[PDB]
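Here we start with a single chain on its own, the form deposited in one PDB entry, put down as structure tokens.
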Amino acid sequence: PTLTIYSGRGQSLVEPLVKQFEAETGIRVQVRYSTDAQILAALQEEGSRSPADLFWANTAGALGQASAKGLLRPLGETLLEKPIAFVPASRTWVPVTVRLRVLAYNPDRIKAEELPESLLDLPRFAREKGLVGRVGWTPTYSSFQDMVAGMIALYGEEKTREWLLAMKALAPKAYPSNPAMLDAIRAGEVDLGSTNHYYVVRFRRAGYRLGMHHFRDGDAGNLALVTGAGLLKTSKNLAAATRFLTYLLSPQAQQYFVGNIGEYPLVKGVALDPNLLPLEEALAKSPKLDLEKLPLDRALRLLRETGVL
């Protein structure tokens, strides 16, 4: 017998936690690593004969799909009472960490106080600072796509399309990863880029003074990016899988998420990092959306039609 996790989270993040869990509990664990979307597909393709016990996803939207598609078991109050925020109405999965969209910038070139209060205002701001050809983005990156989906949810397709086309008119540089983009900010090739907060945290911990800008509370540019896990209906190892979800919400595992990964924890009693906001301040930043139901479908359509993807 082995606990089987299907993970849309990265191996360099998952593996050390799994190894610790194996050592402490004596439970053998096997992990499959794919994208959230590939995991969702495989879980459906495998039907009743899936060996899968848990789905540990990079995104609330993938868990929302798994739930809506009847893959997930309802969770009890013991697990669902643990997180401080983001517990789905479906009560079929548990949020484990949250990450924030932020605006990274070079603080030698831009004063914090002149930065825009809204993402929608970013293209005008970039033209104010003469930044045509001097802004970066990551059009193929999952969280950027999530952010565009939140824009649709808040503002509608037309305003979101308008923004995409305005962004394209800035001649932005596209980077295949967030560290590539942040390196370009450090080098002075671009002066700003929308990214995930923990990439900026990692650069700062390494000694690079990269600016971390938050838009006004509730702005689409601060979208909350919730990760989480659910138990599958197919699970034949429910006690081990419950033990594992418990482990993911423990102070120790949560300290790993904060420290090793740079993400915000969702339980209290975790030591933060001077580069992170207090938890209550972090929770204030995102629009209050149904994160299970972001219109990623419509986001990809717009990104394709506008020439971003």
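Numbering starts at 1 and follows the sequence shown.
- Comparing 65-73 with 47-55, the stretch with the higher mean C-alpha B-factor in the PDB entry is 47-55.
- Comparing 95-103 with 235-243, the higher mean C-alpha B-factor in the PDB entry belongs to 235-243.
- Across 90, 138, 143, 227, the greatest Cα temperature factor reported in the deposited entry is at 90.
- Listed residues 187, 206, 85, 149 were ranked by CA B-factor as deposited; 187 comes out on top.
- Per the deposited record, the Cα B-factor of residue 125 falls in the middle third when ranked against the other modelled residues of its chain.
- Compared with the other modelled residues of the chain, the Cα B-factor recorded for residue 262 ranks in the lowest third.
- Per-chain ranking of the deposited C-alpha B factor places residue 2 in the highest third.
- For residue 13, the recorded CA B-factor ranks within the lowest third of the chain. Only modelled residues enter the ranking.
- Sorting the modelled residues of the chain by their CA temperature factor places residue 175 in the middle third.
A second form of this protein, the form deposited in another entry, is not displayed here; the remarks below concern that form.
- Assignment of C-alpha atoms to the better-fitting of two rigid parts between this form and the one not shown places residue 301 together with residue 178.
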